[PDB]
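Asks: Handing you a structure now.
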Amino acid sequence: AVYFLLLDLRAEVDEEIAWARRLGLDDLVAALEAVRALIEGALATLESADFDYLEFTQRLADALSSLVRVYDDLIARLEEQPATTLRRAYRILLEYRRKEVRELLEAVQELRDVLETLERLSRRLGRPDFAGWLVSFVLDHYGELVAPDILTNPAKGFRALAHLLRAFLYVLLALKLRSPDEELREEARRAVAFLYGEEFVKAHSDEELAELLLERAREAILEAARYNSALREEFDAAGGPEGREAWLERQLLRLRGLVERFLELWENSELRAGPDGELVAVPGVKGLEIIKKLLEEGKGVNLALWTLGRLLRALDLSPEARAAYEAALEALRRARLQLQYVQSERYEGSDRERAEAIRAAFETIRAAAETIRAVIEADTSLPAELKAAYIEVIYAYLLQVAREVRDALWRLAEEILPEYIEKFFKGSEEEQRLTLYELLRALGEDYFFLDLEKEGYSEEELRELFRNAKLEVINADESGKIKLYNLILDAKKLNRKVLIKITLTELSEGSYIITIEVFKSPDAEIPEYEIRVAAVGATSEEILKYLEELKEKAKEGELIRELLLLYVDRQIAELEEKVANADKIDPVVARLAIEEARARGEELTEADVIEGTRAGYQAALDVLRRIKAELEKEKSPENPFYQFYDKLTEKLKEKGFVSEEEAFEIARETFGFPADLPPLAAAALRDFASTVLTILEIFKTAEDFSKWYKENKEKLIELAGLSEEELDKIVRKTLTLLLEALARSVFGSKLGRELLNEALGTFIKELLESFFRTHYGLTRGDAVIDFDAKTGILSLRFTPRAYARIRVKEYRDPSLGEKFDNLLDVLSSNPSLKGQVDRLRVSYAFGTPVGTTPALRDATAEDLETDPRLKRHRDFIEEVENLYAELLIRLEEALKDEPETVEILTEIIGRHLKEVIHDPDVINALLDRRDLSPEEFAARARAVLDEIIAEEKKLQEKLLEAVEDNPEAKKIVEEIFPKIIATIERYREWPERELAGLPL
């Protein structure tokens, strides 16, 4: 985000102020405090009720420019006046920091230029607010792509955003040129004339202009792919000019669809007179419907907040009401940022405080939303339909916030539950109902509460309704291990009943397993609401025994049968719901289908396409119902499903890894389906096979984890630096996630795979973080772990100071490296962690992300011992790093009287290592050689090595000038640096003929 970037800038300014105070420069603390004030002003303008993109970028650019000027003044004061060793070391560090800040400022200025161009273009056309809507739409549809870069490397994110905005504008103009409407063509012609001049537009036809603008869009998309990490990885994953052209065509098609949707949204908005007479645009019914559909899918928060702000600025109200609404919007934005803060890793409080803060933030958001709702309802200047659309948008936003809060509270359920568990086992019937109500409130079933509150039910009415509900307890067995409680909640106005089932499996005294299931109706078998499973106060051994018992019980095929029946019933209900809306076909979707059908050169009416789609849907529904009827049949040796399941189990036992395609082929062969089936039936069969495979893999993973943990508990305790409680807690979290995945697999294979990968990644991440924090004493923020659940990719980062300190400690004692290798081997002994462990091994060995280098994507931990070139590169890096570690230790010994000086030297050398050697360009040049002649590759490698030598010489000159006063430091530098130069030259001067590895 931008909040964390501004926080980091403010922290850097504070450190700068402290260092300035230390050295005695009291004449620049005023300028540094002014810079801090500017940064605080930017932080405040994020959270305001009149947030503007151009103004915010201008403020950020001004703050960065002021910081650069202050760095210039500090450096000038440092050289021009007499100085000592500490001052010159701080001088070099200041130069590095100023370089970084200047690069970030250049990126921000580029983004500001793009926004200014859009602003001027919108202003000339006479239709203001165009830039705001365009930027909000682009942000909504590309935040998930841009935000990670801003988190890691802000300049790349800013440049990618600018290029994507340019591409969006060009595609929009190209589409507007070819519109049949004359006014739209005239407006697009005016825009093109403004962009390129009267002469360029007066000598070209419309189709030529459209093609030129589409080519410009292609160039902008290519630039964005160049400057964006995810897009670059996707671009390199294709390979071949044909694949690249296909990728560009798909990108253009997606962008064209987005631009058509934006045009549909924009063409409905109309001008309404503002308080000062300025013409301001507010969306119609269809625009708000589009925004609500976006909000129901997890997007559209930017567009909704901008819509509310524009409604604020487009209404005439009394001063008190307008002030209240503005304050409500300010509080909404502030509490949103606070919630993102508390859910992050920067929070340092305990679990109870975290849950309390989450609840308080949600309460503030809800109160602000209620105030906005009351302000909207009080005004009577709008028709009923628009008001209803606005209230529905607010409802959707609050529902999304409620879902996030509920997920966080269910994550903290392990700490929330035990008090309510004891009270619920230690109470009477009325006390049981009170405990159930309070437990449901604490876990935040705010989605269901909001669904109740849609009709306007009050809190007191809800409390009375819950107090008058009917509760009955069922004893499954005489031993009383499993207890089932059924609760009925009825709605008088909606004429609906809600069923809640809670199962309490009492493993022992103080250990329980809770499964909370909510049904839309008691007569409906499919749970519309999710099924949640949590473990409270149960040790790892008890959970593992429970999992083994569950697998044994499901071996006979009952639980799997019920799960598959639930999944099939949900699929059938979804298909019926989709079919029932055949008369409500979206005109845009129908137009797209017609265009795609007619693009093949065949003049075919829509009737044939509709008939084909209906036949495909009918075939899919028929085969799904055939499968459902087959499942409901009694168990028999002649049942094909049992034979298919047995064959799949045997294949998993023997091989251990069967792809979804192979399972689908086996299912088709067993059922004998024709090869020329419609795509929908094949897709449904593939989904069924994927779900079965996912459940079988979950069971196999549980068994393997049980075995491996039972064998390596002691080794994990010894190596990870964990006590019994810590490792027990980690394993409890992993096994609870596994149980939740097994229970939620009925929603599809995607969710099950996501949750399984999340569990394994969390386990590995916690183990690694504990190992680093224990054996190196690093601060909690020095070593960070980034994990993506969607792709299952695990990374590693180190701050330059932490990296240099790690290298120094490892040089002082190799036992830390031996311990890390032993821990990685022990983790890799698990069959279910081998791939991630190998990828992490490669990433740690090279220090750069695997995605950035396509050559290392397929490399495993074994490949580092087979390819001579890879081992040569690794040895080069190891030798250089050892040389710098030796230099750092020698300089620390020679300057034992100045801890600050050695600290700053450590920072300098860490930054040098990060910037010069570990940049991905060198690795790409020296490893990636696809479709290049040998002479050009050799010349490029020699150029890179010469650049490295030049940078090393420059650093040598800087350091030698820095410590000219101290003799011992001079001798140490003169002894060490020529060794690095000679090593790099020897690596360069040695011919690469033998390292090529070409067979004779």
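Chain labels A, B, ... are given in the sequence in which chains occur in the structure tokens; within each chain residues are numbered consecutively from 1, and ligands are likewise numbered from 1 in the order shown.
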I'd like the neighbourhood of range 629-634 of chain A as a list in words, where a residue qualifies if any of its atoms comes within 8 Å (using only C-alpha atoms), though same-chain residues fewer than 5 positions away should be ignored.

Replies: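 Near neighbours after the sequence-gap exclusion: residues 561, 565 and 641 of chain A.
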
Asks: Write down as a ChimeraX atom specification the residues of range 755-990 of chain A whose backbone DSSP state falls under strand (DSSP E).

Replies: /A:783-784,787-788,793-794,797-798

Asks: Can you write out the residues you just picked, keeping N, CA and C atoms, as a PDB file, in the first residue's frame?

Replies:
```pdb
ATOM      1  N   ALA A 783      14.375 -10.268   9.194  1.00  0.00           N
ATOM      2  CA  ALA A 783      14.130 -11.390   8.294  1.00  0.00           C
ATOM      3  C   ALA A 783      12.624 -11.573   8.155  1.00  0.00           C
ATOM      4  N   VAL A 784      12.123 -11.444   6.930  1.00  0.00           N
ATOM      5  CA  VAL A 784      10.694 -11.504   6.657  1.00  0.00           C
ATOM      6  C   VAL A 784      10.431 -12.613   5.649  1.00  0.00           C
ATOM      7  N   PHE A 787       4.610 -15.236   1.533  1.00  0.00           N
ATOM      8  CA  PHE A 787       3.983 -16.437   1.001  1.00  0.00           C
ATOM      9  C   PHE A 787       2.693 -16.058   0.290  1.00  0.00           C
ATOM     10  N   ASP A 788       2.497 -16.602  -0.908  1.00  0.00           N
ATOM     11  CA  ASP A 788       1.275 -16.411  -1.680  1.00  0.00           C
ATOM     12  C   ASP A 788       0.526 -17.735  -1.730  1.00  0.00           C
ATOM     13  N   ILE A 793       4.085 -20.021  -3.647  1.00  0.00           N
ATOM     14  CA  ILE A 793       5.472 -19.617  -3.845  1.00  0.00           C
ATOM     15  C   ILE A 793       5.968 -18.966  -2.563  1.00  0.00           C
ATOM     16  N   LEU A 794       7.120 -19.421  -2.078  1.00  0.00           N
ATOM     17  CA  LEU A 794       7.681 -18.974  -0.813  1.00  0.00           C
ATOM     18  C   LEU A 794       9.036 -18.327  -1.067  1.00  0.00           C
ATOM     19  N   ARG A 797      13.760 -12.690   2.252  1.00  0.00           N
ATOM     20  CA  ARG A 797      14.356 -11.366   2.138  1.00  0.00           C
ATOM     21  C   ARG A 797      15.196 -11.063   3.370  1.00  0.00           C
ATOM     22  N   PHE A 798      16.193 -10.200   3.184  1.00  0.00           N
ATOM     23  CA  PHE A 798      17.041  -9.727   4.268  1.00  0.00           C
ATOM     24  C   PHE A 798      17.374  -8.261   4.040  1.00  0.00           C
TER      25      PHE A 798
END
```

Asks: Just the residues within 12 Å of range 589-595 of chain A, please, counting only C-alpha atoms, with nothing from its chain fewer than 3 positions along; format it as a ChimeraX atom specification.

Replies: /A:253,256-257,260-261,582-586,598-610,613

Asks: Using only C-alpha atoms for the distances, tell me which of A:538, A:476, A:764, A:384 is nearest to residue 736 in chain A.

Replies: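 For residue 736 in chain A, the nearest of the candidates is A:538.
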
Asks: Could you list, as a list in words, every residue within 7 Å of range 925-929 of chain A, counting only C-alpha atoms and ignoring same-chain residues fewer than 4 positions away?

Replies: residues 855, 921, 937, 940 and 941 of chain A

Asks: Keeping only N, CA and C atoms, write those residues as a PDB file, in the first residue's frame.

Replies:
```
ATOM      1  N   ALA A 855      15.814 -19.249 -16.019  1.00  0.00           N
ATOM      2  CA  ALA A 855      16.750 -20.366 -16.069  1.00  0.00           C
ATOM      3  C   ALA A 855      16.678 -21.226 -14.814  1.00  0.00           C
ATOM      4  N   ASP A 921      20.060  -8.584 -13.050  1.00  0.00           N
ATOM      5  CA  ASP A 921      20.584  -8.379 -14.396  1.00  0.00           C
ATOM      6  C   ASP A 921      21.845  -9.200 -14.636  1.00  0.00           C
ATOM      7  N   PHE A 937      26.930 -13.295 -26.565  1.00  0.00           N
ATOM      8  CA  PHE A 937      26.825 -13.699 -25.167  1.00  0.00           C
ATOM      9  C   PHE A 937      28.135 -13.458 -24.425  1.00  0.00           C
ATOM     10  N   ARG A 940      28.633  -9.688 -23.923  1.00  0.00           N
ATOM     11  CA  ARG A 940      27.759  -9.183 -22.869  1.00  0.00           C
ATOM     12  C   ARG A 940      28.268  -9.582 -21.488  1.00  0.00           C
ATOM     13  N   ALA A 941      28.708 -10.834 -21.335  1.00  0.00           N
ATOM     14  CA  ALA A 941      29.252 -11.269 -20.053  1.00  0.00           C
ATOM     15  C   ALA A 941      30.490 -10.464 -19.679  1.00  0.00           C
TER      16      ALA A 941
END
```

Asks: Give me the residues within 10 Å of range 234-247 of chain A as a ChimeraX atom specification, counting only C-alpha atoms and dropping any in the same chain fewer than 3 places off.

Replies: /A:222,225-226,229-231,250-253,851-854,857

Asks: Near residue 800 in chain A, counting only C-alpha atoms, which residues have an atom at most 10 Å away, once you skip same-chain residues fewer than 4 positions from it, shown as a PDB file with C-alpha atoms, in the first residue's frame?

Replies:
```pdb
ATOM      1  CA  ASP A 782      15.040  -8.004   9.821  1.00  0.00           C
ATOM      2  CA  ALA A 804      25.952  -8.431   6.439  1.00  0.00           C
ATOM      3  CA  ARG A 805      25.545  -9.460  10.087  1.00  0.00           C
ATOM      4  CA  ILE A 806      24.418 -12.947   9.032  1.00  0.00           C
ATOM      5  CA  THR A 906      28.352  -2.812   8.028  1.00  0.00           C
ATOM      6  CA  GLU A 907      25.398  -0.914   6.554  1.00  0.00           C
ATOM      7  CA  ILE A 908      27.518   0.392   3.663  1.00  0.00           C
ATOM      8  CA  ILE A 909      28.935  -3.009   2.735  1.00  0.00           C
ATOM      9  CA  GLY A 910      25.529  -4.678   3.001  1.00  0.00           C
ATOM     10  CA  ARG A 911      24.009  -2.087   0.668  1.00  0.00           C
ATOM     11  CA  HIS A 912      26.898  -2.538  -1.777  1.00  0.00           C
ATOM     12  CA  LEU A 913      26.389  -6.311  -1.811  1.00  0.00           C
ATOM     13  CA  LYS A 914      22.643  -5.902  -2.336  1.00  0.00           C
ATOM     14  CA  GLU A 915      22.930  -3.372  -5.161  1.00  0.00           C
TER      15      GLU A 915
END
```

Asks: Please compute the CA of residue 433 in chain A-CA of residue 398 in chain A distance, one decimal, in Å.

Replies: 27.6 Å

Asks: Where in range 261-465 of chain A does DSSP assign helix (DSSP H, G or I), given as JSON, numbers by chain?

Replies: {"A": [261, 262, 263, 264, 265, 266, 285, 286, 287, 288, 289, 290, 291, 292, 293, 294, 295, 301, 302, 303, 304, 305, 306, 307, 308, 309, 310, 311, 312, 313, 319, 320, 321, 322, 323, 324, 325, 326, 327, 328, 329, 330, 331, 332, 333, 334, 335, 336, 337, 338, 339, 340, 341, 342, 351, 352, 353, 354, 355, 356, 357, 358, 359, 360, 361, 362, 363, 364, 365, 366, 367, 368, 369, 370, 371, 372, 373, 374, 375, 376, 377, 378, 384, 385, 386, 387, 388, 389, 390, 391, 392, 393, 394, 395, 396, 397, 398, 399, 400, 401, 402, 403, 404, 405, 406, 407, 408, 409, 410, 411, 413, 414, 415, 416, 417, 418, 419, 420, 421, 422, 423, 424, 425, 429, 430, 431, 432, 433, 434, 435, 436, 437, 438, 439, 440, 441, 442, 443, 446, 447, 448, 449, 450, 451, 452, 453, 459, 460, 461, 462, 463, 464, 465]}

Asks: Pull C-alpha atoms from the residues just selected and write them as a compact mmCIF listing (two decimals), in the first residue's frame.

Replies:
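Final output, selection.txt:
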```txt
# COMPACT_ATOMS: atom_id res chain seq x y z
CA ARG A 261 -17.61 -2.02 -19.46
CA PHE A 262 -16.21 1.38 -18.47
CA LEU A 263 -17.98 3.00 -21.43
CA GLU A 264 -21.24 1.35 -20.36
CA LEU A 265 -20.74 2.76 -16.85
CA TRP A 266 -19.77 6.23 -18.09
CA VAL A 285 -29.07 2.98 -12.06
CA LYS A 286 -26.91 0.79 -14.32
CA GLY A 287 -23.65 2.29 -13.07
CA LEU A 288 -24.57 1.60 -9.45
CA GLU A 289 -25.68 -1.91 -10.44
CA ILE A 290 -22.26 -2.49 -12.01
CA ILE A 291 -20.57 -1.17 -8.87
CA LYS A 292 -22.68 -3.49 -6.69
CA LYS A 293 -21.83 -6.49 -8.88
CA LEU A 294 -18.17 -5.55 -8.49
CA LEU A 295 -18.59 -5.31 -4.71
CA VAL A 301 -14.03 -0.41 -2.92
CA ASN A 302 -12.25 2.49 -4.65
CA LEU A 303 -15.21 3.10 -6.95
CA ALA A 304 -17.71 2.93 -4.08
CA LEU A 305 -15.75 5.37 -1.91
CA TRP A 306 -15.33 7.74 -4.86
CA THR A 307 -19.07 7.48 -5.60
CA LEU A 308 -19.91 8.41 -2.01
CA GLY A 309 -17.50 11.36 -2.14
CA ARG A 310 -19.01 12.60 -5.40
CA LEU A 311 -22.50 12.28 -3.92
CA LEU A 312 -21.24 14.38 -1.01
CA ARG A 313 -19.97 17.06 -3.38
CA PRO A 319 -23.98 22.91 7.23
CA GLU A 320 -24.45 20.54 10.18
CA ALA A 321 -25.59 17.59 8.06
CA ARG A 322 -22.78 18.10 5.55
CA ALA A 323 -20.21 18.38 8.34
CA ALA A 324 -21.53 15.18 9.94
CA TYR A 325 -21.43 13.30 6.62
CA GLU A 326 -17.88 14.49 5.90
CA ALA A 327 -16.77 13.42 9.39
CA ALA A 328 -18.45 10.04 8.86
CA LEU A 329 -16.54 9.52 5.61
CA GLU A 330 -13.29 10.55 7.32
CA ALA A 331 -13.91 8.06 10.14
CA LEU A 332 -14.79 5.34 7.62
CA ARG A 333 -11.49 5.81 5.77
CA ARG A 334 -9.50 6.04 9.02
CA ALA A 335 -11.02 2.86 10.46
CA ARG A 336 -10.43 1.04 7.17
CA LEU A 337 -6.74 1.92 7.40
CA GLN A 338 -6.67 0.92 11.08
CA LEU A 339 -8.18 -2.48 10.25
CA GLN A 340 -5.60 -3.06 7.52
CA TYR A 341 -2.95 -2.07 10.09
CA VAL A 342 -4.07 -4.43 12.86
CA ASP A 351 -4.16 -11.90 20.62
CA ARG A 352 -6.85 -10.56 22.96
CA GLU A 353 -5.85 -6.96 22.23
CA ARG A 354 -5.83 -7.73 18.50
CA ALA A 355 -9.37 -9.13 18.62
CA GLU A 356 -10.53 -6.16 20.69
CA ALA A 357 -9.03 -3.74 18.15
CA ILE A 358 -10.64 -5.62 15.25
CA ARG A 359 -14.06 -5.39 16.90
CA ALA A 360 -13.62 -1.69 17.70
CA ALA A 361 -12.57 -0.88 14.12
CA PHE A 362 -15.57 -2.73 12.68
CA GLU A 363 -17.87 -0.91 15.10
CA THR A 364 -16.50 2.46 13.97
CA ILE A 365 -16.96 1.49 10.31
CA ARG A 366 -20.55 0.40 10.94
CA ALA A 367 -21.44 3.57 12.86
CA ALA A 368 -20.02 5.76 10.08
CA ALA A 369 -21.96 3.78 7.48
CA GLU A 370 -25.16 4.22 9.50
CA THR A 371 -24.57 7.99 9.67
CA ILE A 372 -24.06 8.13 5.89
CA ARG A 373 -27.24 6.10 5.40
CA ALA A 374 -29.23 8.46 7.62
CA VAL A 375 -27.90 11.50 5.76
CA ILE A 376 -28.87 9.97 2.40
CA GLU A 377 -32.35 9.01 3.61
CA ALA A 378 -33.02 12.43 5.15
CA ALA A 384 -36.46 6.15 -4.94
CA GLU A 385 -34.58 3.86 -7.35
CA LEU A 386 -31.29 5.75 -7.07
CA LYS A 387 -31.57 5.89 -3.28
CA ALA A 388 -32.19 2.14 -3.15
CA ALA A 389 -29.17 1.53 -5.39
CA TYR A 390 -26.96 3.64 -3.10
CA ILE A 391 -28.18 1.81 0.01
CA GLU A 392 -27.52 -1.53 -1.70
CA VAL A 393 -23.97 -0.40 -2.50
CA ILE A 394 -23.48 0.47 1.18
CA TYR A 395 -24.92 -2.92 2.18
CA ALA A 396 -22.46 -4.73 -0.09
CA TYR A 397 -19.49 -2.76 1.26
CA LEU A 398 -20.48 -3.52 4.85
CA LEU A 399 -20.97 -7.20 3.98
CA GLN A 400 -17.43 -7.40 2.59
CA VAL A 401 -16.03 -5.75 5.72
CA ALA A 402 -18.06 -8.20 7.83
CA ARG A 403 -16.64 -11.16 5.92
CA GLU A 404 -13.08 -9.96 6.55
CA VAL A 405 -13.76 -9.39 10.26
CA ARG A 406 -15.39 -12.82 10.57
CA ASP A 407 -12.39 -14.50 8.95
CA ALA A 408 -10.00 -12.76 11.36
CA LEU A 409 -12.12 -13.65 14.40
CA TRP A 410 -12.36 -17.28 13.29
CA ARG A 411 -8.56 -17.23 13.03
CA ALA A 413 -11.15 -18.58 17.65
CA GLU A 414 -8.55 -20.79 19.35
CA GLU A 415 -8.09 -18.09 22.00
CA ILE A 416 -11.71 -16.88 21.92
CA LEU A 417 -13.48 -20.20 22.50
CA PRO A 418 -12.36 -21.86 25.79
CA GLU A 419 -14.19 -19.59 28.25
CA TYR A 420 -17.46 -19.97 26.35
CA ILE A 421 -16.84 -23.72 25.98
CA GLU A 422 -16.54 -24.13 29.75
CA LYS A 423 -19.57 -21.93 30.39
CA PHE A 424 -21.61 -23.90 27.84
CA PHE A 425 -20.72 -27.26 29.39
CA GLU A 429 -30.85 -24.59 29.27
CA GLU A 430 -31.37 -20.82 29.49
CA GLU A 431 -27.70 -20.44 30.40
CA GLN A 432 -26.89 -22.63 27.39
CA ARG A 433 -28.86 -20.34 25.08
CA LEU A 434 -27.17 -17.26 26.55
CA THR A 435 -23.74 -18.87 26.13
CA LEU A 436 -24.52 -19.81 22.52
CA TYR A 437 -25.64 -16.26 21.74
CA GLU A 438 -22.53 -14.73 23.33
CA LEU A 439 -20.25 -17.25 21.60
CA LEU A 440 -21.79 -16.52 18.19
CA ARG A 441 -21.47 -12.78 18.87
CA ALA A 442 -17.81 -13.06 19.90
CA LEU A 443 -16.82 -15.00 16.77
CA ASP A 446 -21.70 -10.46 11.19
CA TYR A 447 -22.67 -11.66 7.71
CA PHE A 448 -25.71 -13.48 9.08
CA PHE A 449 -26.48 -10.63 11.49
CA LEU A 450 -26.38 -8.14 8.59
CA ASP A 451 -28.61 -10.39 6.49
CA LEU A 452 -31.08 -10.33 9.39
CA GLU A 453 -30.69 -6.54 9.71
CA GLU A 459 -30.70 -5.45 18.34
CA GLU A 460 -33.22 -5.85 21.17
CA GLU A 461 -35.58 -7.71 18.85
CA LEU A 462 -32.71 -10.01 17.84
CA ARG A 463 -31.84 -10.67 21.49
CA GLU A 464 -35.47 -11.48 22.29
CA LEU A 465 -35.69 -13.75 19.24
```
